[PDB]
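Participant: Fold the following for me, if possible:
(chains A and B)
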Amino acid sequence: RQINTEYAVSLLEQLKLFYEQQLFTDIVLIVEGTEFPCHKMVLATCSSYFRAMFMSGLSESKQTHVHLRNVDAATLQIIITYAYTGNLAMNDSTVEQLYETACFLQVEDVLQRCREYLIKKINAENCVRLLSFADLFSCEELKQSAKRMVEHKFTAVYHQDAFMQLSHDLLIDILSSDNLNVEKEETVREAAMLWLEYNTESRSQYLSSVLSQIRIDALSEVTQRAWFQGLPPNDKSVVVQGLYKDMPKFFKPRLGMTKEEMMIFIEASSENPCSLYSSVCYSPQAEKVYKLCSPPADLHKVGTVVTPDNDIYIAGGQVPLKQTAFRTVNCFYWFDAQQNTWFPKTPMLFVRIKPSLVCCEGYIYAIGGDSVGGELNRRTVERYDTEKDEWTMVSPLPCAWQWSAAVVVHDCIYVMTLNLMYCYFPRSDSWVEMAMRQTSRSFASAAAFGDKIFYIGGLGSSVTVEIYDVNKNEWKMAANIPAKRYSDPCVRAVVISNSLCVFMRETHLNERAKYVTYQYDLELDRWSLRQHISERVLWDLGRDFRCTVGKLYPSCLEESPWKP
Amino acid sequence: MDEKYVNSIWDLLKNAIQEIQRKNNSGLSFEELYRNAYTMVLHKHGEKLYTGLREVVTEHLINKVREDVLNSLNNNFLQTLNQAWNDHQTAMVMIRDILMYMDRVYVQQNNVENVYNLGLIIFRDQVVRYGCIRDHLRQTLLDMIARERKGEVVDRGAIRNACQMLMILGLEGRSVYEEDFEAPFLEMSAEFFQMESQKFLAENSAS
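Facilitator: Numbers count the residues shown, from 1 in each chain, chains lettered A, B, ... in the order given. The coordinates are given below.
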């Protein structure tokens, strides 16, 4: 266990009193002309450098004035007070110098805290800076976790200025890695070319190594004469060298070109009765069913969103409290497309049940979702910031709605309910009244294809389809999906292969559920049979399962072993 | 940076280490060495520093304590050995402190023994386990313990210092110290006690 806490607090606050009131100070730190009167005890408890500074036997053992150099006054003051009061106020700016002084003074505890701060602060705009920082100081855990987030993010942006100022060893590890996420192998080629041409002949010796990590499908085509233009004059040790050099190193395709348009399913019927629900996916091209990681702490009643950058997020949901037992939590998670795991993120402010997650302008919008408040503003609409990793409230929606769906069209949020629709204008944070539907239908989903909204189904569900045009602002009927009579189809609207397809599972009387998808002809207003899902690969999923459009890697994921 | 800068830093660090080992650690700055060690390992050149450390330490031991022990193998051999061990330990304390910071990154990635363990290993290999010092130390310890067993009193604190020194020299447990000390002393005790029992059975009775 521990020891007496009531005296632990008394001594702690009294040492703080003896620090603010400078009485029992035998050693003072001289940093850039700033006096830091303190004790040898407190500096010893935190830092592992002062233990080699005082109890070492050097000249400073008896000297009462030490001139600590290559440090910062603010960083020293916060470190000293942290050793004195433990309140480590970590902002978003001074953490860089905080780690520098923590490593210099070898203070293990603050090193772990700032590493825990940086493991949460890793994002898009500082991935390169943190990796270089993680390369400068040995922080392998941060270095590896950065590298993974770095690997995906460089491929996406590949335009940050700190990428040019990187060590040769770091670049070789980044480029030769098999975790890059690229639609083509040519974007990494030009990224290396611009990095090599960024500086003078100091990149010439590294050019013999950077090309040794890139595949040979581009080491004989264009971007070889371009280097000859940029070659130092009369250098005959490079042009001939690269002429006969690209024989070895085993051309092999990378892993980033292995993303296929797949239908991600959540809360599917668990195969083993020991678990409540599971998550699976259907492959429209591979015609197989790949398993997915379980929702975080079997998070049920959640919502899914896929950003244009192909990122999966989970918000809302409830966990069974420790027979009916369920408690709602506002936890937020992010799915790793390669590690097959859900990385936790900043939680929301209010708990939600079945929230509608919609992405727009890089912000994740969660509209409604049976909030816990229940006050006059029983909607609690709030967006998420993907660069600052925080949540910001938005303009409340006019009318309280339940069991609603939302889509994004023309950089605007379009949320749909039983019969009403309101469009949110993110630039002014306002809501405008939209067209009114003539049919009262709920418990349905909508897919945003182009500049039109397709509300498919509604109430089991039915085959009613009401097409809404943003430019026309009107709801019109197109047709009804031809399905077997005396059945209860489960419609799922989704956009795939630049076309509006439907994932409709139908069940007949005294018969098992049948899976089949149809391709809706936009100009002909007819659902055509695109593909029939055989039951030998896909089993029953349930009723409360959700579907979304996204891309996943079949290599990182594993096939689900289950009998037809 | 360039190879000239790191070579100059290592040369200055080596000179400072040698000055410390020469019982002249009073007029020497600690912050400069720590910063020099900071910028040396920072550039991912810890292998050269570790290799240079081992060469410098073993050269100093062979030059200084190997000659000193052999020069005074009969005039306070154990006292000089203990003094050299104490000098080696007190010099290594500051040597380890600077290089423990180097060790923190080095041993957690390169998976090697620490500099304090490295100094104990090289001291064991070059001093205690020498081709001539080991037998001389074994013979002299057996002689004095046998004389003590004979009835006359000799120094006893030095023997406790010697076994404690060898116990620390084990560096892992009681592997080296036990075999080096017990095996000759067990045999010496076995013969001495066997003769003692043989003498007692004829000169006395069971009363």
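Participant: Okay, whichever residue of the stretch 351-500 of chain A sits closest to chain B and residue B:160: tell me how far apart.
Facilitator: In the stretch 351-500 of chain A, the residue that lies nearest chain B is residue A:389 (30.2 Å; Cβ to the nearest Cβ). For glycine as for every other residue, the C-beta is placed from the backbone atoms N, C-alpha and C. Distance, residue A:389 to residue B:160, using Cβ to Cβ, to the nearest Å: 63 Å.
Participant: Spell out which parts of chain B neighbour chain A.
Facilitator: B:25-28, B:30-31, B:34-35, B:38, B:42, B:44, B:90, B:93-94, B:97-98, B:100-101, B:104-105, B:108-109 (Cβ under 8 Å from any Cβ of the partner chain).
Participant: any chance you could map the helices in chain B?
Facilitator: With DSSP state H, the ranges of helices along chain B come out as B:3-21, B:30-42, B:46-60, B:66-71, B:77-110, B:115-123, B:133-150, B:157-170, B:176-203.
Participant: Which residues are in contact with the residue sitting nearest the centre point of chain B?
Facilitator: Nearest residue to the geometric centre of chain B (Cα atoms, centre = their mean): residue B:123, 4.0 Å. Shown in contact with residue B:123 (Cβ atoms under 8 Å, 6 or more residues apart in numbering or on different chains): B:61, B:85, B:88, B:169.
Participant: contacting residues for the third one?
Facilitator: Residue B:88 sits next to B:61, B:65, B:119, B:123 when contact means Cβ under 8 Å, 6+ apart.
Participant: of all these, which two lie farthest apart?
Facilitator: For those, the farthest-apart pair by Cβ to Cβ is B:65 and B:119; their separation is 12.1 Å.
Participant: Burial check on residue B:179, number of neighbours?
Facilitator: Look at residue B:179: counted by other Cβ atoms under 10 Å in any protein chain shown, it has 11 neighbours.
Participant: ok, back up a step: for residue A:389 and residue B:160, indicate the residue with more neighbours.
Facilitator: residue A:389 (15 against 10).
Participant: what number of residues lie near the residue nearest to the more buried one when sequence neighbours are not counted?
Facilitator: Among residues not flanking residue A:389 along the chain, residue A:346 sits closest, at 5.1 Å (Cβ to Cβ, 6 or more residues apart in numbering or on different chains). When neighbours are counted by other Cβ under 10 Å, residue A:346 registers 14.
Participant: swap in residue A:256?
Facilitator: For residue A:256, using other Cβ under 10 Å, the count is 21.
Participant: Spit out the contact partners of residue A:67.
Facilitator: Contacts of residue A:67 (Cβ under 8 Å, 6+ apart): A:30-31, B:31.
Participant: Next one: residue B:11 from chain A, what distance?
Facilitator: According to Cβ to the nearest Cβ, to the nearest Å, residue B:11 stands 22 Å off from chain A.
Participant: residues in contact with that residue?
Facilitator: Neighbour list for residue B:11: empty [criterion: Cβ under 8 Å, 6+ apart].
Participant: and the residue of chain B found nearest chain A, how many residues sit next to it?
Facilitator: Chain A sits closest to residue B:97 of chain B, with a gap of 3.8 Å, by Cβ to the nearest Cβ. Residues near residue B:97, counting by other Cβ under 10 Å, number 22.
Participant: Can you tell me how far it is from residue A:190?
Facilitator: Counting by Cβ to Cβ, the separation of residue B:97 from residue A:190 is 50 Å.
Participant: and what of residue A:301?
Facilitator: Noted for residue A:301: a distance of 45 Å to residue A:190, by Cβ to Cβ.
Participant: Compare those two (neighbour count), which wins?
Facilitator: Using other Cβ under 10 Å as the criterion, residue A:301 and residue A:190 rank with residue A:301 on top: 19 against 12.
Participant: was I right about the more buried one contacting residue A:327?
Facilitator: No. Here residue A:301 does not reach residue A:327: they are 11.5 Å apart, not a contact under Cβ atoms under 8 Å.
Participant: what touches both of these two?
Facilitator: With Cβ under 8 Å, 6+ apart, residue A:301 and residue A:327 have common neighbours residue A:318.
Participant: does residue A:285 really touch residue A:260, like I thought?
Facilitator: Yes. Under the criterion of Cβ under 8 Å, residue A:285 makes contact with residue A:260 at 5.4 Å.
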